[PDB]
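Q: Sharing an experimental structure here, sequence included.
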Amino acid sequence: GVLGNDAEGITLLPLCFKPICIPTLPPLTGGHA
């Protein structure tokens, strides 16, 4: 909910992008290094 296209969770018009703000979030494989 800041700027983009997709909806980060709010109903307002100006919402965060789909990729820029993903609910499922990324995996936990690149958190080793």
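A: In hand now; what should we look at? Numbers count the residues shown, from 1 in each chain.

Q: any idea how far residue 33 is from the residue nearest the centre of the chain?
A: Centroid-nearest residue in the chain, with Cα atoms, centre = their mean: residue 21, separated by 1.1 Å. Applying Cβ to Cβ, to the nearest Å, the value for residue 21 to residue 33 is 24 Å. (C-beta placed from N, C-alpha, C; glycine too.)

Q: now do residue 7
A: In this view, residue 7 and residue 33 are 32 Å apart by Cβ to Cβ.

Q: ditto for residue 10
A: 34 Å.

Q: Counting neighbours, go ahead and name the busier of the two.
A: Neighbours per residue (other Cβ atoms under 10 Å) separate residue 10 from residue 33, with residue 10 holding more: 11 against 3.

Q: Hmm, that one is touching residue 1, no?
A: Yes: the criterion here is Cβ atoms under 8 Å, and residue 10 meets it with residue 1 at 4.1 Å.

Q: With adjacent residues omitted, what lies nearest to residue 20?
A: residue 4 (5.8 Å; Cβ to Cβ, 6 or more residues apart in numbering).

Q: Which helix or which strand is home to the one you found?
A: Assessed by DSSP states H and E, residue 4 sits outside every helix and strand.

Q: Give the burial count for it, as a bare number.
A: Residue 4, neighbours per other Cβ under 10 Å, totals 15.

Q: show me the residues around residue 23 that make contact.
A: By Cβ atoms under 8 Å, 6 or more residues apart in numbering, the contact list for residue 23 reads 8, 9.

Q: sorry, back to before: the residue nearest to residue 20: what's it in contact with?
A: Contacts of residue 4 by Cβ under 8 Å, 6+ apart are 14, 15, 16, 17, 18, 20, 21.

Q: Now with 7 Å, please.
A: Taking Cβ atoms under 7 Å, 6 or more residues apart in numbering as the contact definition, residue 4 lies against 15, 16, 17, 20.

Q: how far away is residue 17 from residue 9?
A: 13 Å.

Q: So which of those two has more stuff around it?
A: Using other Cβ under 10 Å, the more surrounded residue of residue 17 and residue 9 is residue 17, with 14 against 9.
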